[PDB]
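Okay, so here's just one chain, in C-alpha cells, the form deposited in one PDB entry.
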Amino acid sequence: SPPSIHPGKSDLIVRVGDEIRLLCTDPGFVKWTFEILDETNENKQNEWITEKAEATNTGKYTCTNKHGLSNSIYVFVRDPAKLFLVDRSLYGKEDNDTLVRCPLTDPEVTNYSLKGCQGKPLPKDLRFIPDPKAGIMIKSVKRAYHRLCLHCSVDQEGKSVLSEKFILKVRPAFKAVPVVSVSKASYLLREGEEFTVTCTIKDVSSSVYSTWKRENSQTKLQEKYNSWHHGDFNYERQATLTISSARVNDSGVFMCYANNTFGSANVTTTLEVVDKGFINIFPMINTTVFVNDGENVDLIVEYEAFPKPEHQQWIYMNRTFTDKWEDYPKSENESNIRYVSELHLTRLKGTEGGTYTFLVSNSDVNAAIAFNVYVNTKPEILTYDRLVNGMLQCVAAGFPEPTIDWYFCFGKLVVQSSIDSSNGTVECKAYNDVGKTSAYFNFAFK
C-alpha cells in the first residue's frame, strides 16, 4: 500500500518565513526525500517540519515505505524577493531537448516564457515549453543557439520579471566526418636520416579520435600533438610522427586515421628508406647518332638521382662543353627524383664527329653514359691519277664510306677504284647518301 500524506494536496503553497509541516502515514514508513535541481536531502522522521520556510525550500517532497513505494507533494514558497531558482549551467546536445533550470517559487503567475538578453529577440525557430516545477525546455537545440543568452520571465502585478542570466552552450552532433590531410604524400630518405611527417585533422569537436598506425602492423607509434580551437565548432589537430634514425625496415605505408561517431577517414603516406643513393640513367635516343655536316643534333638523357644530383656536366674529347646544354627536373613535384639534361649541337661540323659523355654525381654515386656522333659528309675526290699501266685510280673520302664509278663518252672512310681504259672523257663519280662529287680527265691520239 503506497504511503499516504497529510496535507492531502498535490501542490501546496506557503508564505516565506512560515512553517512547513508534512506527515506521512504508512506502517512501513522509511524515508522522506526532498529534491530541487541538484540539491537532495534524506530524512527518517515520520513527519517533516521546517518552521522557517525559505525560497530555497521550494521543491518536491517524497515519502517512501519498506514496500518500496512512494507518494509525493510539491511545495512552493511565496517570496517576493526570489521568484526563480537557478543553476546557471546549461548544456545541450545538438538536436536534443534541453532544460533551463529556472523553476518558480510561486505557481500562481502568468506568461512563464523565455527571453533574450540585452533586448535581443530570441531566434524565430527556437521554441520551448514551460513547467513551473522544473524550468523551461527548449526543443531541438541547434548550433545557432551556441552561447545564446537567455532569461526566464514571469508576470506579477502586471510587471514583468526576469531571472539571473543564462547562457546556452551546444555540444555538436556529428553529421559529417573528419577531414584529414598529410603534409607530404611520399617520402624517400637515406638510411639514418630523421623522418618527420605531419598530419592534420579538422572537425567540429575535439572528441575526434586520431592515430598513426603502420599498415599490416597493429602496434601504436609514438606521436606528438598540437590542437587549436578556431572559433565556434571549428577544431584543428596536428599530429607528428617521427623516427629519429630511419632504418631500411622502416620503409612501408603509414596511415593517419581519424574516426568520429559518424565515421572514419584515412590518409596514407609511403616511405622508402634506402641504404645508399643511386643514379640510374636512361638515354632517350640510341647511344649512336648520325648527322649531316651543318645539320643539328640533340643528345638527351633522363636520369633518376637521389640524393639530389650535385654536378652534371658534358664533355667532348676530354674537354668540358659549356653553354650549349640545358637541364630541368622532369616534374616540379616534391616527390620527383628525376632530371632531364640535353646538349644541343647546332650546325655541326664533320670534324666533331666523335664521343660525347655525360657525367653526373651526388654525394654517394657517380654515373656516366656515352654518346657517339658520326657526322656524315658528301664525298670528295681527293686524288686522281693516270698510271703507267694504262690504268687509273681515284680516291674518295667521306662517311658513310663512298662509292666510285667510271664513265666514258671516327671520321671519313676512304675508298678507291682502279680501271684501265686505254676520243674523249673519263670520269670518276663519287657518292653516298649525303652527296655526290665528280672528277674528269681526257686523253687523245693524233
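Note that residue numbering begins at 1 and tracks the sequence as displayed. Think of the rigid core as the biggest set of C-alphas that the two forms share within 1.5 Å after superposition.
This next part talks about the form deposited in another entry, which is not shown.
After superposing the rigid core, the Cα of residue 24 is displaced by less than 2 Å between this form and the one not shown. Residue 389: CA moves 2 Å or more between this form and the one not shown after rigid-core fitting. For residue 401, a C-alpha deviation of 2 angstroms or more is recorded between this form and the one not shown after rigid-core alignment.
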